[PDB]
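J.: Have a look at this one before I ask anything.
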Ligand SMILES: CCCCCCCCCCCCCCCCCC(=O)OC[C@H](COP(=O)(O)OCCN)OC(=O)CCCCCCCCCCCCCCCCC
Ligand SMILES: CCCCCCCCCCCCCCCCCC(=O)OC[C@H](COP(=O)(O)OCCN)OC(=O)CCCCCCCCCCCCCCCCC
Ligand SMILES: CCCCCCCCCCCCCCCCCC(=O)OC[C@H](COP(=O)(O)OCCN)OC(=O)CCCCCCCCCCCCCCCCC
Ligand SMILES: CCCCCCCCCCCCCCCCCC(=O)OC[C@H](COP(=O)(O)OCCN)OC(=O)CCCCCCCCCCCCCCCCC
């Protein structure tokens, strides 16, 4: 019942932000603020009333809330939304990141701020629709609709220091990657629907009806391959990853745009929700390939992050390595590894958001991103280098933060299933500590390597400090008490794992 | 003793307050907060020990909450306290309080005063978590926090890039050790189904009755983690470079917290090592080899802090040898005594480096016994305790207990290694003392505790660690006589070599094998060069090779192919009408031929 409003409140809020711009330039930021406040409040109300801790595992499908309304009845297509623990957790995370993105773009007094807020709101609504839709056409529709405002933000509001050609190139590369992968997913969806229609005789795009589809070994592999190509593009999985550092480099300089849609949290949800239940045998056969791709992703992202002269590109490759960890966790069939993947996903979202906000604040301080042009910034600033130190400590998997908790449940479950990939991934953890310390040493330690870092810098504002400290508190609480998060998603993870291991 | 968690909370409160103060407070207020946090932790530790001895030495458990409960994976946030935990906690809190008071006197007028005390408070809290944990994951949290605070404190003077490089090397080597420890954790949870020490000891013999390979793998990985943290073979290379930090940082690392974590890890999981005797013999062999290499390296070091680093490595090798010969009580007693005299030696070396006012090697200094008599006395008694001076030093009794454990378990080669290491220990220690010195309440407390007064304190390890095999009285007496004779002979040989005019020493040093051996042992037997060539250089080369992102270009190859194909196809649009008619007729020919063929 509240799921259509969970999707529509960002869209209506973005329309109001665009239309109420004639009342002033400081008006749409407030409208976006109560828009994401209402979205996050609805998500938290669903969390409180769902009773997710007391929910047992009853097998797929098992939805805590559902909504169904016909959209294209010729193909059996409906606006079909459903929420359980995993989707609710990701909707809560998306709403929190939307609140932080509205807060981070508070000082932008641009002439077209209303359209910026509309694009941000539509990206967030598309992400929530990705997390809520259990109709294959609707899921694909949200998965592709979250790309046009992202493209226009990167292309027209982007990194003003770089040329417009570089921003247009990065935005076009991101759009081509995501849309071509989505078209491959749409081909897989259409073939699955047609196979189900040939087997039974009913036009349906419903995820619940497509779970039981009699399929030959080789057609299921192809459909799983199409789904995996889409998710692997947006995971990112090597070699389909470079769009992410190019999009992070040429994103708008506020940093809110980095938290809005470029943070990856939908592809692993799609892998857990759709790739494993719809194609369990094909995923079981593809598991060595995906796990070795995750190993290569971890090592390649770590070596990429160490070899970066740009801090934003370094954080992007950190995201690549962490998502390789999550990809290893997904193709294991372990409940412990799945819960660790959920915790790692939430913790990576929080820590990457903190790192991107701090990098943006550093960029409005010193007007450069080259780590060769900065150094010894610990003595020049008040709050920023210590918070960046904490977030770099978080991203290397230090205990006390949720990143360690998630990645260590991942490695526990993986070693219960596969030992060799687990030990190579833990050497990837060594590599993670290496690049985190390298970025810390090149950015805030040493002497001033240029003249812009030689003089004192203005302190961070109270609002940016408050939201960064909120991220710090959330990461520490997730590290020291992840139990509410583990209890929220225990039923959905159990259903997905039981379907994956009881059908192979 | 229900306030067992206050020993963590008070250093945590101090760390949070001194971090969020950001140095805006006065130095008196920051010193009060930090030293008072550690002192309140030490006072709560003393009350805990009083209640522990009043209750008859009962293992107490305080479960705060549950960390993570996913199916059978149940990891709890529970603190435990037995004799070993009480001994480690008392050593950590007391020596940390003494070092905190000395640092409050020492670091006056230095930028980052509050940051320094916050980092040391977090260090103390992390090690109290390490020594109070009841399972391996909470001990891993304390382990990694101890490593993180070591990184933050070694590179404290962040302006010098050498300190940052030293801190990064220390963190990377200890992170490799923590990865080995994580392997041990994964194997132990996969086999036994739990990470609590008591439960792992209980269900280890019932589970490994059929096969006993994964337990040797787990104990080998535990040994790898221990030698990662305790700076032993083969992960010992970080300590000498990590000497770039401040003096109280060095005292807190080498004496109280950092290097003793591996010894505590081996002593805590002693049952699993008891069921894997080959791994325990490997622990003893690693300790013997590490103490021998550390003594040989300390023989030729030209700096006081480097000599103290390799002396710390040699002493930790003695502890590992004691653990390998099933002399657990000897190992923990030597941990206490070594913490005492190594803290005293490091604080005295900091006094020396304040008096000298410049970074100088030991040869430039000379005749310092008259300018600083109190510092000379502190160095003399710290060297006497380190070199195991008989009947006046606690290190003598600790080393005698270690060697008696080596006797009583039938280990002869480890005994020979221990005696040789004691001989060169006296040799390098009094070599440093005679080169440097010839040519205050924490100091008083460590002055007293480095003597036999420290040997009067015994750890209450009965009922926690197994009691050692008992040596005969005559064998014990002749072993004590041999140890004292070896130590006295080494000290007298150092006096014959370095007290007078150096002619025999310089003749050995000026020999060509003298150059070869001095350069070999000065660089820690080439292990640093070996790890630079085998690991650091290919890492840098692969990073430089991959910095262009080859996979991105490989996936951009279709865009280049599309551009080339479009440019090739646009040549047909030359705008000539006759060519358009010719192309239409060519297509007619192709369509007709294709229809005729098919
Ligand atoms: C790993 C194998 C298995 C998985 C395969 C997954 C395939 C789908 C996901 C990956 C898609 C890769 C797309 C690669 C091109 C992305 C866009 C790009 O890089 O554009 C660069 C360039 C524009 O920028 P610039 O260099 O400034 O050029 C200005 C020229 N005046 O662009 C241009 O100048 C021209 C751009 C033309 C349009 C893009 C190219 C499309 C080619 C077909 C894509 C479909 C996949 C085909 C198979 C790919 C290899 C397996
Ligand atoms: C112990 C022997 C037994 C084997 C056990 C496992 C291996 C343990 C090896 C430990 C070696 C640790 C070496 C650490 C050196 C760190 C110091 C250093 O080299 O610093 C230089 C540089 C500084 O970093 P940067 O921030 O760029 O500095 C700015 C200006 N210099 O720093 C850099 O540029 C970064 C250097 C990164 C080094 C990464 C090391 C990775 C180790 C992977 C271990 C794999 C184990 C398995 C191997 C295969 C076994 C079959
Ligand atoms: C590793 C260090 C030692 C641990 C302490 C510090 C950890 C970090 C502090 C921030 C995060 C705290 C997270 C936990 C807060 C308390 C809530 C809690 O744990 O509730 C659980 C339990 C009551 O629920 P129960 O059902 O018994 O749970 C067991 C599962 N069935 O609750 C209870 O039974 C009562 C537990 C009370 C614990 C109070 C701890 C206060 C710590 C203050 C620290 C101040 C500094 C924080 C930052 C430090 C640096 C990171
Ligand atoms: C838990 C027991 C121990 C067990 C092992 C735990 C291991 C992991 C622990 C991680 C803790 C964070 C470590 C890394 C960040 C350290 C930040 C730092 O250096 O803070 C010092 C700095 C003040 O230093 P100063 O140089 O004087 O100030 C600069 C101004 N010119 O301070 C500042 O500038 C202000 C503070 C910056 C952030 C400090 C750390 C934040 C995270 C911990 C507290 C979180 C909040 C407490 C409540 C949690 C929820 C209940």
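J.: Have a look at B:471, B:492, B:477, B:517 and point out the one that is under 37 Å from the mean Cα position of the chain (by Cα), outside any helix (DSSP H, G or I) and more than 16 Å from ligand 2 (Cβ to nearest atom).
T.: Matching residue, one of B:471, B:492, B:477, B:517: B:471.
J.: Here are the criteria: (1) touching a helix residue (DSSP H, G or I) at 6+ places or on another chain (Cβ under 9 Å); (2) over 16 Å from residue B:248 (Cα atoms). Tell me which single one residue B:74 does not satisfy.
T.: Looking at each condition in turn, residue B:74 falls short on (1).
J.: What do you reckon, is residue B:77 within 16 Å of ligand 4 (Cβ to nearest atom), under 19 Å from residue B:130 (Cα atoms), in contact with a strand residue (DSSP E or B) (Cβ under 6 Å, 6 or more places away or on another chain) and within 14 Å of another protein chain (Cβ to nearest Cβ)?
T.: For residue B:77, the condition - within 16 Å of ligand 4 (Cβ to nearest atom), under 19 Å from residue B:130 (Cα atoms), in contact with a strand residue (DSSP E or B) (Cβ under 6 Å, 6 or more places away or on another chain) and within 14 Å of another protein chain (Cβ to nearest Cβ) - is met.
J.: Inspect all residues belonging to region A:205-221 and state whether any of them is within 16 Å of ligand 1 (Cβ to nearest atom) and farther than 25 Å from residue A:498 by Cβ. Don't jump to the end; show me each part of the working.
T.: Taking region A:205-221 and keeping what is within 16 Å of ligand 1 (Cβ to nearest atom), we get A:221.
Next cut, farther than 25 Å from residue A:498 by Cβ only: none.
For region A:205-221, residues within 16 Å of ligand 1 (Cβ to nearest atom) and farther than 25 Å from residue A:498 by Cβ: absent.
J.: May I ask you to verify whether residue A:413 is part of a loop (DSSP other than H, G, I, E, B) and within 11 Å of another protein chain (Cβ to nearest Cβ)? Quick ask: steps written out before the conclusion?
T.: Details: part of a loop (DSSP other than H, G, I, E, B): no; within 11 Å of another protein chain (Cβ to nearest Cβ): yes.
In short, no.
J.: Sticking with this structure for a sec: Could you say which residue among B:95, B:50, B:29 is over 30 Å from residue A:488 (Cβ atoms) and either buried (at least 16 other Cβ atoms within 10 Å of the Cβ) or within 16 Å of ligand 1 (Cβ to nearest atom) (or both)?
T.: B:95
J.: Just wondering, is there one or more residues in region A:439-449 that are surrounded by 18 or more Cβ atoms within 10 Å (Cβ to Cβ), more than 10 Å from chain B (Cβ to nearest Cβ), within 16 Å of ligand 2 (Cβ to nearest atom) and more than 24 Å from residue B:152 (Cα to Cα)?
T.: First, pick out the residues of region A:439-449 that are surrounded by 18 or more Cβ atoms within 10 Å (Cβ to Cβ): A:439-446.
Now narrow it down to the ones that are more than 10 Å from chain B (Cβ to nearest Cβ): A:439, A:443.
Now restrict to residues that are within 16 Å of ligand 2 (Cβ to nearest atom): A:439, A:443.
Checking the rest, the ones that are also more than 24 Å from residue B:152 (Cα to Cα) come to none.
For region A:439-449, residues surrounded by 18 or more Cβ atoms within 10 Å (Cβ to Cβ), more than 10 Å from chain B (Cβ to nearest Cβ), within 16 Å of ligand 2 (Cβ to nearest atom) and more than 24 Å from residue B:152 (Cα to Cα): absent.
J.: Let me ask another. Hey, can you tell me all the residues within region B:6-26 that are more than 11 Å from ligand 4 (Cβ to nearest atom) and surrounded by fewer than 16 Cβ atoms within 10 Å (Cβ to Cβ)?
T.: B:26
Here's the yes/no breakdown for (1) in contact with a helix residue (DSSP H, G or I) (Cβ under 7 Å, 6 or more places away or on another chain); (2) more than 16 Å from ligand 2 (Cβ to nearest atom); (3) more than 30 Å from residue A:455 (Cα to Cα):
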position	(1), (2), (3)
A:275	yes, yes, yes
A:279	yes, yes, yes
A:288	no, yes, yes
A:307	yes, no, no
A:312	yes, yes, no
A:330	yes, yes, yes
A:333	yes, yes, yes
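J.: Could I ask something else about it? Could you tell me how many of the residues in region A:297-316 are at the interface with chain B (Cβ under 9 Å from one of its Cβ atoms) and out of contact with any strand residue (DSSP E or B) (no Cβ under 6 Å at 6 or more places or on another chain)? First the steps, then the outcome.
T.: Step one: of region A:297-316, the residues at the interface with chain B (Cβ under 9 Å from one of its Cβ atoms) are A:300, A:303-304, A:306-309.
Remaining after also requiring out of contact with any strand residue (DSSP E or B) (no Cβ under 6 Å at 6 or more places or on another chain): A:300, A:303-304, A:306-308.
The total comes to 6.
J.: Just checking, how many residues over region A:479-504 are within 11 Å of chain B (Cβ to nearest Cβ) and not in a loop (DSSP other than H, G, I, E, B)?
T.: Matching residues across region A:479-504 total 10.
J.: More than 22 Å from residue A:205 (Cβ to Cβ) and assigned to a helix (DSSP H, G or I): does that describe residue A:86?
T.: Details: more than 22 Å from residue A:205 (Cβ to Cβ): no; assigned to a helix (DSSP H, G or I): yes.
So residue A:86 fails the test.
J.: Pick from B:138, B:188: which is buried (at least 23 other Cβ atoms within 10 Å of the Cβ), over 14 Å from the mean Cα position of the chain (by Cα), more than 10 Å from chain A (Cβ to nearest Cβ) and assigned to a helix (DSSP H, G or I)?
T.: B:188
J.: State all residues of region B:546-586 that are away from ligand 1 (no atom under 16 Å from the Cβ), more than 14 Å from chain A (Cβ to nearest Cβ) and assigned to a helix (DSSP H, G or I); if no residue qualifies, say none.
T.: B:571, B:572, B:577, B:578, B:579, B:580, B:581, B:582, B:583, B:584, B:585, B:586
All Cβ positions, even for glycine, are placed from backbone atoms using ideal geometry, and neighbour counts span all protein chains on display. Throughout, read-outs are computed from the coordinates displayed, never taken from laboratory work.
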